[PDB]
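Each of the two blocks below gives one form of the same protein chain as structure tokens; they are labelled structure 1 and structure 2.
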Structure 1
């Protein structure tokens, strides 16, 4: 009886190593008491039969790694029971899905050339599997299923899952393998319907994974679900799932209050190959899905030649996700019938795999034959299924044949005061930390008396948008408090730890009615790639939301370079996909080293093309306030890249008056206040210094010290698109200028000079011919490691500018 308990556990824990999951059976070595009629606390023979049928057939179940005992028991109870065999109607429906999938693959490989790399041949069982996921989500009465996938079988998914007509898919035939889509799934045997959408993606495998999560979360927030009535269905390749780090980063978001989507259904199209590379060179684990153990997700390894087991596992996966709001991974073992592309004979690199693959008949033929052998379908019914295949193959050829034949951002002072007062409108019994208390009181003072600092200006911009009814999502590393202890968007009760969000009071009107707005502010995980991916995705999911991601320091945003390059900077031109995502990048030379100095302005300026992004480096709190309000209210979906301050947050010269918020607008170009408001004479100016950011204050302090009336400092607040007209009109007001200099803190090969030094004399030749540069010398790093070297270099720039 003790040997039985240890045997039951052996099947539950390790039974999946004996499971018949590989349709190619490449591993020969894989499968290599007599008192069975004795009753145990059920007869041993009946215990072993249940254990073999549940754990050693076409499904390999991995679940004993799960720490929650209720989750282990849930799987156990559903897997260790005598399952009701599918009805002939359900079997015929699965067969019709295989018929449609294989007829689409036959057409693709016959009608067009160069389509072999998109081939789903050897993996057509993923179509009835995805169909069962979506149908089971419809059965749960859910609202939408959003899909992210690589290029393999994407057009088959468009036709047989999303339900896109052939006329739309094969219109002016590629970019079609990277575009988004929307459709409606209607249940076959049920009375429910569900929305099905496919998100756009680059060729960069797995990069879309966090983008899907953000998009689904934005949709869930709009529907007020999380319920979690919007389901992410994420498809993968076996080599990419095990090798791409973004997979682990996206899994790590699955249960976070700021990023959870109530569980993702993962489908790995495990064709046991990655171009020419064997699994043994692609991963250090038994399974390509072993990374999912990181969050204790249940994993089901299923034989891709058994579409009934695949459909059953898909439905069980949806039920688990609904019950525990956690990720489920389906590892579908299949094969890639043809080579990776046109110039590939896969027996050059994988002779053994492809000698076995050459003897394989399709999943459709195998399933049709297995249904005859089992006596589930008659010869007429098998013949009718073959008619259905031919008819489906004819329809796509025929339908395609017919296709071929044919605003003010200023707020009222009462708005500033309301946001100010909100910082003191504390809940009953709330204990503020003694060091947070002066920050709340100073904000009430600033709101009524002026000298508004950068940190408060940001909250005035965000707070006024929430008051106007906008959803504001703000996140990043330690973003609630702020890296530089300046934000305090969330304050923590000194005795209970209860969080209080002052800006959330602006979601309610003075009369007590909701504005429709909301403030969602989170501390992110220590991720850049997945967090930026998520935020980009969130802005796509809800175009009406104000979405801001904040880097700890701009220097760490290179960890999210694939998102910047493949989605943010180029998604609009490539896919017509629009994003209003904001990236806040703390930037500035202060002597803290090459990883706490630059958000790499030069790289964002290099990526920029007409109307793709807005790139700014504001120097005043009011200009930042108007930049965020213009972004949220301009009705245009364009990413905004902001180079934000660090020490300039506390510079007492970098403060703004209430009138700058109430009676002004965003200024792309800024002159010195002595010329616009003071008694300064523009006609005395012979040298013009053009700059951006905090170095203005150091240049202005030096000018004041030596009383240099012959020098003027002009700031370019909007770096991209270049404010050509505002720039020209500003410089025209200084007629006696004999020399012009672009002054920057960044090395010569960095900052704005590489692009401005080439663009400014071309766009404005009567103004910038002969433009010279004052900067740090060109460097292989964003700065020196020494704060002593930094300090000498900073002084050398100021001395050169006034020499």
Structure 2
């Protein structure tokens, strides 16, 4: 036969090989540190021969040039892992073509960005040699690349770009991308802060955020740009950014829950190479990308891949070929780009935005670069990486190289290039001198943020009977032909009954609070593991048609007034992924993104929230004091000693009480359905943006004593301290009391039952419903009503090193010495675990506490 047929078969193989594996041979590294193949008779003599390609006839030389330019020069394209053929086709059409050369104006603009990037760093090196700044030097191309992302988003008519990033070039991005004034950055280096800058305990300069407006230079549009605050914990901000963006999209009615699919707020997430591969929160956050409850229509990721992590080489930081391989699991295309090629970096940035817009999904840019100086500006890197730094020492920076290219192209002269650099440096010198001339302020110890947010003078949380009845009736206002599961129907009927007749249980009180907020126009977002039904089969926020699988959400009916007009409210209820770190981070972020939303995250059991410890420690408990960033997120933590073992017993009350300071969080363990209802309504309506930690029940959901009357919802309020009903409403005599038992949570009912059984008029039980801030005034006033008390005990089911005793045992006698001197503890022994593993052992220990309290 004709050997052109064999040769053509090799050409088809070559095209497939460049598309699939060309990235492995691409010239992406600016440092350049690193017989049995059947050719089917194809050789260098066939370069001028025409071959069949799938439709079109082209020379081998031309096929090879297109493939080499697309896949083996300064851009390594990874996309053949993507399931959708239309997405592979979209990328092929855009990468397998001769690109239009940028205009001289565009080239000068890119150079102005590289000038600003390097000169900002060398200026800080000259003025503040002894201070850490985590310089971008060796990765200056990040600045024209981020400019190109934002400019392309503005071109698509998008509303906002929200950035999260680590330390690398942070100050540079704040000044040269977001627009944080140079004067402000210099004042941070000077340590000369005004009262607004010195507010709260604060944080380091490379953790701060900013907001501004990006104005296009080549078009008629502009776009909002924000950069969120973060702790040192690398990648921890990733789910926070997604939550922040989702809240903004929901507000704009764009995205998943919106009337249009614009997803008009873009998450722009930066990463370091060692952190992106090593931190599990990265995989957890990527796992949220296509979920109905969390999708943001695609995140644009940029890895500042300087092929080092402090002193650690990539071979000790990851097991994958690329630091970006984790992102392929959600079908993200990956673009590896040579950081010494500013034009390729800007081109990839615009392509990434276009892909995100076309398919509303994640895209990753792996910018290969290097770190000119040590990890921080005081560290010597040649001690551990002598070869890398011998190579770095021979390298001209990307600014110098790009300037030489423009001088060579005839675009600019050396004199013009020199003058432009001196002008920008002169501007920095002027601002530096102006800041240095400012009046120095006296340095004082940091101050508590407690008084910055206070409850409004007037706020009622009580609702009328009509509201309770409406929420009860909503549970039986089923869509026509809907088939309720036969074991769910009694719950719906019981809710209508409770709404009109009382004996309201915990699960219905929660829905009365959320339903009444929705009716008042509030957005309520509730999520967690199996949260739609409830772990304890108690919530049924969503019910499923037994015959069709169709879903009905009773509380959504409260978003429409009886006359048919919308209230402005909405109920967004989701089953989360099996994640704690990313889920809690997302809900924290969501509440920051929309301060007017009611946002609740529910742990399956409180015992699993330690999986989100970095978010609790670094954002929830401390973001207000450190950054002035406010969150109103609610954490619901099922808690209680029931004999189910050490991972089904405790939300670690003691840890949240230890973290507590400056009124940063509200911490509560309500004992009645009505008090929980009032707590949630207070939290949603007070205008205070501070997290709420609630220790919620499990068996107490179905305790027939733990029910509330209609008047507790219509004629009461949140009560931080509760007395026994026999003293406030009944015929109980407070003067007969000689022993006072102070407690919190479900053990109250067991203590009250024992009191009734033995007719102990000499013992009274007082509940502390709000654990923090301690209700000092209400507690003192309650105790003053018992003048004949001779002994006081703090009773708890938790071990002695757990529960409220570690905090209360120390704070109550100090804060109220005339009431709690001599306060003694009644609890389980101190334990390494939160409880015994045996239900029988739990029961014997529980009885010991009750016997000791009445002994």
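We call the rigid core the largest set of C-alpha positions that still match within 1.5 Å between the two forms. Residue numbers count along the first chain shown, from 1.
Looking at 400, 505, 295, 700 after a core superposition between structure 1 and structure 2, you find that only 400 has a C-alpha shift of 2 Å or more.
Annotation: Cα of residue 682 displaced by less than 2 Å between structure 1 and structure 2, core superposition. Residue 389: CA moves 2 Å or more between structure 1 and structure 2 after rigid-core fitting. Relative to the superposed rigid core, the position of the CA of residue 574 differs between structure 1 and structure 2 by less than 2 Å. On a core-based overlay, residue 795 has a Cα shift of 0.3 Å between structure 1 and structure 2. For residue 342, the CA shift between structure 1 and structure 2 after superposing the rigid core equals 4.1 Å.
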